[PDB]
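Participant: The following file, query-v2.txt, comprises compact mmCIF, C-alpha atoms and all ligand atoms:
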```
# COMPACT_ATOMS: atom_id res chain seq x y z
CA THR B 1 -23.44 -20.26 -20.52
CA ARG B 2 -21.57 -16.99 -21.07
CA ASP B 3 -24.16 -15.06 -19.03
CA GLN B 4 -22.51 -13.85 -15.82
CA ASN B 5 -25.00 -11.04 -15.04
CA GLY B 6 -25.98 -10.73 -11.41
CA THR B 7 -25.24 -9.82 -7.84
CA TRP B 8 -23.00 -12.59 -6.48
CA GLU B 9 -22.43 -13.26 -2.77
CA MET B 10 -19.35 -15.09 -1.66
CA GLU B 11 -19.78 -18.68 -0.45
CA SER B 12 -16.18 -19.93 -0.38
CA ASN B 13 -12.73 -18.29 -0.45
CA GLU B 14 -9.47 -20.24 -0.74
CA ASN B 15 -5.90 -18.83 -0.64
CA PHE B 16 -7.00 -15.18 -0.88
CA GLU B 17 -4.04 -14.22 1.34
CA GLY B 18 -1.58 -16.03 -0.93
CA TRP B 19 -2.80 -14.03 -3.93
CA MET B 20 -2.54 -10.76 -1.98
CA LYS B 21 0.98 -11.69 -0.83
CA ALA B 22 1.99 -12.27 -4.45
CA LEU B 23 0.83 -8.72 -5.25
CA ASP B 24 2.94 -7.42 -2.30
CA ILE B 25 -0.09 -5.99 -0.51
CA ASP B 26 1.09 -4.75 2.87
CA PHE B 27 0.74 -6.82 6.02
CA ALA B 28 -1.97 -4.75 7.69
CA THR B 29 -4.22 -4.65 4.63
CA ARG B 30 -3.84 -8.39 3.96
CA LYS B 31 -4.59 -9.36 7.56
CA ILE B 32 -7.86 -7.40 7.58
CA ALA B 33 -8.89 -8.25 4.01
CA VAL B 34 -8.49 -12.03 4.36
CA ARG B 35 -11.21 -12.06 7.05
CA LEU B 36 -13.92 -10.55 4.91
CA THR B 37 -16.87 -11.77 2.89
CA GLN B 38 -16.99 -10.40 -0.66
CA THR B 39 -19.69 -9.36 -3.13
CA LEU B 40 -19.25 -9.27 -6.90
CA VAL B 41 -21.71 -7.30 -9.05
CA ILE B 42 -21.50 -7.98 -12.80
CA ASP B 43 -23.42 -5.95 -15.37
CA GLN B 44 -23.08 -7.62 -18.78
CA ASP B 45 -24.54 -6.50 -22.11
CA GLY B 46 -22.99 -8.09 -25.18
CA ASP B 47 -19.24 -7.61 -24.92
CA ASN B 48 -19.63 -4.73 -22.47
CA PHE B 49 -18.92 -5.57 -18.83
CA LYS B 50 -19.04 -3.56 -15.63
CA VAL B 51 -17.62 -5.47 -12.65
CA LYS B 52 -17.64 -4.33 -9.02
CA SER B 53 -15.90 -6.22 -6.21
CA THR B 54 -16.88 -5.09 -2.72
CA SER B 55 -16.38 -5.84 0.95
CA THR B 56 -16.68 -3.75 4.07
CA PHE B 57 -13.05 -2.74 3.33
CA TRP B 58 -12.76 -2.06 -0.41
CA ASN B 59 -14.63 -1.12 -3.57
CA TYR B 60 -12.94 -2.02 -6.85
CA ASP B 61 -14.72 -1.26 -10.12
CA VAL B 62 -13.62 -1.99 -13.68
CA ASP B 63 -15.32 -1.60 -17.06
CA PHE B 64 -14.17 -3.40 -20.19
CA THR B 65 -15.18 -4.69 -23.59
CA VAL B 66 -14.35 -8.32 -24.38
CA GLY B 67 -11.52 -8.50 -26.90
CA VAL B 68 -10.45 -4.84 -26.58
CA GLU B 69 -7.11 -4.27 -24.88
CA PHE B 70 -7.03 -1.53 -22.27
CA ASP B 71 -4.32 0.10 -20.22
CA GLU B 72 -5.22 0.00 -16.56
CA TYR B 73 -4.15 1.40 -13.21
CA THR B 74 -5.00 -1.11 -10.52
CA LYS B 75 -5.80 1.72 -8.07
CA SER B 76 -6.36 0.71 -4.42
CA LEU B 77 -5.47 -2.93 -5.09
CA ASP B 78 -1.73 -2.61 -5.73
CA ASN B 79 -1.29 0.72 -7.56
CA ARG B 80 0.35 -0.75 -10.67
CA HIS B 81 -0.03 -0.09 -14.40
CA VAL B 82 -0.94 -3.10 -16.55
CA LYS B 83 -2.16 -3.79 -20.08
CA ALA B 84 -5.35 -5.78 -19.65
CA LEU B 85 -7.31 -7.99 -22.02
CA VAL B 86 -10.47 -9.99 -21.32
CA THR B 87 -11.44 -12.81 -23.70
CA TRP B 88 -13.69 -15.88 -23.88
CA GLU B 89 -12.15 -19.34 -23.81
CA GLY B 90 -15.26 -21.41 -24.32
CA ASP B 91 -17.54 -20.27 -21.49
CA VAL B 92 -14.64 -19.17 -19.23
CA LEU B 93 -14.09 -15.41 -19.07
CA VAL B 94 -10.32 -14.89 -18.95
CA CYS B 95 -8.41 -11.74 -17.99
CA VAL B 96 -4.68 -11.34 -18.59
CA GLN B 97 -2.98 -8.29 -17.07
CA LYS B 98 0.45 -7.83 -18.69
CA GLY B 99 3.01 -6.07 -16.53
CA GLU B 100 5.51 -6.51 -13.72
CA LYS B 101 3.83 -9.60 -12.24
CA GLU B 102 3.84 -12.91 -14.10
CA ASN B 103 0.68 -15.00 -14.59
CA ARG B 104 -1.50 -12.11 -13.44
CA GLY B 105 -5.22 -12.03 -14.08
CA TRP B 106 -8.38 -13.94 -13.35
CA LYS B 107 -10.92 -16.39 -14.74
CA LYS B 108 -14.67 -16.54 -14.12
CA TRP B 109 -17.20 -19.18 -15.11
CA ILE B 110 -20.74 -20.29 -14.26
CA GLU B 111 -21.64 -23.69 -12.76
CA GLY B 112 -25.43 -23.75 -12.55
CA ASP B 113 -26.42 -21.50 -9.66
CA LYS B 114 -22.90 -20.36 -8.82
CA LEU B 115 -20.07 -18.22 -10.16
CA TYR B 116 -16.56 -19.61 -9.85
CA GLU B 117 -13.51 -17.36 -9.90
CA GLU B 118 -9.75 -17.87 -10.02
CA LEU B 119 -7.46 -14.95 -9.14
CA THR B 120 -3.86 -15.53 -10.20
CA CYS B 121 -0.53 -13.79 -9.60
CA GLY B 122 2.90 -15.37 -9.80
CA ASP B 123 2.61 -18.94 -8.55
CA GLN B 124 -0.47 -18.23 -6.39
CA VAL B 125 -4.05 -19.12 -7.24
CA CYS B 126 -7.03 -17.95 -5.17
CA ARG B 127 -10.24 -19.91 -5.77
CA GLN B 128 -13.64 -18.40 -4.96
CA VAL B 129 -17.28 -19.45 -5.29
CA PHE B 130 -20.24 -17.07 -5.24
CA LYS B 131 -23.98 -17.73 -5.08
CA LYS B 132 -26.44 -15.71 -7.15
CA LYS B 133 -28.51 -13.37 -5.00
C1 LIG H 1 -13.47 -10.41 -11.65
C2 LIG H 1 -12.93 -10.14 -10.25
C3 LIG H 1 -12.27 -9.05 -9.94
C4 LIG H 1 -11.94 -8.00 -10.93
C5 LIG H 1 -11.76 -8.79 -8.54
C6 LIG H 1 -11.99 -9.75 -7.56
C7 LIG H 1 -11.36 -9.22 -6.22
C8 LIG H 1 -10.82 -7.92 -6.46
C9 LIG H 1 -10.24 -7.25 -5.43
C10 LIG H 1 -9.88 -7.90 -4.24
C11 LIG H 1 -9.26 -6.92 -3.28
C12 LIG H 1 -9.32 -5.67 -3.94
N1 LIG H 1 -8.80 -4.56 -3.30
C13 LIG H 1 -8.99 -3.34 -3.89
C14 LIG H 1 -8.12 -4.73 -2.06
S1 LIG H 1 -9.91 -5.79 -5.34
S2 LIG H 1 -11.02 -7.51 -7.92
```
Translate the structure of the given file into C-alpha cells.

Facilitator:
Amino acid sequence: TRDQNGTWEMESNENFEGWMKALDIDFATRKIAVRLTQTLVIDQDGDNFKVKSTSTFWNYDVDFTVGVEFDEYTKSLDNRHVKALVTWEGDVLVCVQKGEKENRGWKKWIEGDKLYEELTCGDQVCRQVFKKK
C-alpha cells in the first residue's frame, strides 16, 4: 500500500544519534534529541504530501509533491540547502536530498499496522518504527 496517511507514534528508534552525528548536529542537541520519543504526522492526497516530525524538542515540517524536484533549506535540522526529490519505488517512498552530504535522504514504507522509516546520511542509517494512532 502507498497510503501513509495518519498520525504515527514512535515504537522503536535505532542509531538516531549516528544519523545526527553524520549531519554534524552539535553535541548538546544530539545528546538531548537521542532521548526523545517522536511523532510523525503525514497528510497525503494523491501526490501531495505534508509531513510533520515532532518531539518535545523540535518541530520539522515539509510539503512536497511526489516526482517534483524542490530546493530546500533544512532549517532547524542542520541549516543546509539541498535539492530534494521524493519518488515511489514500488510501495517505498524515497527521498533523495542532493547536496554536501552523500547518501542523504530517507525511505518510508507501511508494514500492516506500522510505518517503517530509514533516515540516511553518509554511511549512517537510522531505522525507526511507528504505530498508527
Ligand atoms: C519523513 C521523515 C522526516 C522528514 C523526518 C524524520 C525526523 C526528522 C527530524 C529529526 C530531527 C529533526 N530536527 C529538526 C532536529 S527533524 S525529519

Participant: For CA of residue 49 in chain B and CA of residue 18 in chain B, quote the distance in Å rounded to one decimal.

Facilitator: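 Between CA of residue 49 in chain B and CA of residue 18 in chain B the gap works out to 27.0 Å.
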
Participant: Residues of chain B that approach ligand LIG 1 (chain H) to 9 Å or less, counting all atoms listed in the file: could you list each one with the shortest pair of atoms and its distance in Å to one decimal, rows by chain and increasing residue number, as CSV?

Facilitator:
```
residue,atom,partner,partner_atom,distance
B:16,CA,H:LIG1,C10,8.5
B:20,CA,H:LIG1,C11,7.8
B:25,CA,H:LIG1,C14,8.3
B:29,CA,H:LIG1,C14,7.7
B:30,CA,H:LIG1,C14,8.2
B:33,CA,H:LIG1,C14,7.1
B:38,CA,H:LIG1,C7,8.0
B:39,CA,H:LIG1,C7,8.9
B:40,CA,H:LIG1,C2,7.2
B:42,CA,H:LIG1,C1,8.5
B:51,CA,H:LIG1,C4,6.5
B:52,CA,H:LIG1,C4,7.0
B:53,CA,H:LIG1,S2,5.3
B:54,CA,H:LIG1,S1,7.5
B:55,CA,H:LIG1,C11,8.4
B:57,CA,H:LIG1,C14,7.6
B:58,CA,H:LIG1,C13,5.3
B:59,CA,H:LIG1,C13,6.1
B:60,CA,H:LIG1,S1,5.1
B:61,CA,H:LIG1,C4,7.3
B:62,CA,H:LIG1,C4,6.8
B:74,CA,H:LIG1,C13,8.1
B:75,CA,H:LIG1,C13,7.3
B:76,CA,H:LIG1,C13,4.9
B:77,CA,H:LIG1,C13,3.7
B:78,CA,H:LIG1,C13,7.5
B:93,CA,H:LIG1,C1,9.0
B:95,CA,H:LIG1,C1,8.2
B:105,CA,H:LIG1,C4,8.4
B:106,CA,H:LIG1,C1,6.4
B:107,CA,H:LIG1,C1,7.2
B:108,CA,H:LIG1,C1,6.7
B:117,CA,H:LIG1,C1,7.2
B:118,CA,H:LIG1,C2,8.4
B:119,CA,H:LIG1,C6,7.1
```

Participant: Those residues you just picked out, can you put them in a file as a short mmCIF file (atom, residue, chain, number, x, y, z; two decimals), in the frame of the given file with C-alpha atoms?

Facilitator:
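As a result, out10.cif now contains:
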```cif
data_model
loop_
_atom_site.label_atom_id
_atom_site.label_comp_id
_atom_site.auth_asym_id
_atom_site.auth_seq_id
_atom_site.Cartn_x
_atom_site.Cartn_y
_atom_site.Cartn_z
CA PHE B 16 -7.00 -15.18 -0.88
CA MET B 20 -2.54 -10.76 -1.98
CA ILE B 25 -0.09 -5.99 -0.51
CA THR B 29 -4.22 -4.65 4.63
CA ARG B 30 -3.84 -8.39 3.96
CA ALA B 33 -8.89 -8.25 4.01
CA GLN B 38 -16.99 -10.40 -0.66
CA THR B 39 -19.69 -9.36 -3.13
CA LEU B 40 -19.25 -9.27 -6.90
CA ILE B 42 -21.50 -7.98 -12.80
CA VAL B 51 -17.62 -5.47 -12.65
CA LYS B 52 -17.64 -4.33 -9.02
CA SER B 53 -15.90 -6.22 -6.21
CA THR B 54 -16.88 -5.09 -2.72
CA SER B 55 -16.38 -5.84 0.95
CA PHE B 57 -13.05 -2.74 3.33
CA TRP B 58 -12.76 -2.06 -0.41
CA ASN B 59 -14.63 -1.12 -3.57
CA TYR B 60 -12.94 -2.02 -6.85
CA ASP B 61 -14.72 -1.26 -10.12
CA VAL B 62 -13.62 -1.99 -13.68
CA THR B 74 -5.00 -1.11 -10.52
CA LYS B 75 -5.80 1.72 -8.07
CA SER B 76 -6.36 0.71 -4.42
CA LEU B 77 -5.47 -2.93 -5.09
CA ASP B 78 -1.73 -2.61 -5.73
CA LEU B 93 -14.09 -15.41 -19.07
CA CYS B 95 -8.41 -11.74 -17.99
CA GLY B 105 -5.22 -12.03 -14.08
CA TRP B 106 -8.38 -13.94 -13.35
CA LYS B 107 -10.92 -16.39 -14.74
CA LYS B 108 -14.67 -16.54 -14.12
CA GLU B 117 -13.51 -17.36 -9.90
CA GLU B 118 -9.75 -17.87 -10.02
CA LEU B 119 -7.46 -14.95 -9.14
#
```

Participant: Hey, can you check how far CA of residue 126 in chain B sits from CA of residue 23 in chain B?

Facilitator: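 If I compute the distance from CA of residue 126 in chain B to CA of residue 23 in chain B, I get 12.1 Å.
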
Participant: Using all atoms listed in the file, find the one residue out of B:91, B:14, B:80, B:35 that sits nearest to residue 129 in chain B.

Facilitator: B:14

Participant: What is the distance between CA of residue 111 in chain B and CA of residue 82 in chain B, in Å to one decimal?

Facilitator: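 Taking CA of residue 111 in chain B and CA of residue 82 in chain B, their separation equals 29.4 Å.
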
Participant: Restricting the calculation to all atoms listed in the file: of B:128, B:7, B:79, B:65, which residue gets closest to residue 41 in chain B?

Facilitator: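 Among B:128, B:7, B:79, B:65, it is B:7 that comes nearest to residue 41 in chain B.
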
Participant: Compare B:94, B:110, B:66, B:121 by their minimum atom-to-atom distance to residue 2 in chain B, counting all atoms listed in the file, and give me the closest one.

Facilitator: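 Result for the nearest residue to residue 2 in chain B: B:110.
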
Participant: Between B:37, B:4, B:124, B:15, which one has atoms that come closest to residue 92 in chain B, using only C-alpha atoms?

Facilitator: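 Ranked by minimum distance to residue 92 in chain B, first place goes to B:4.
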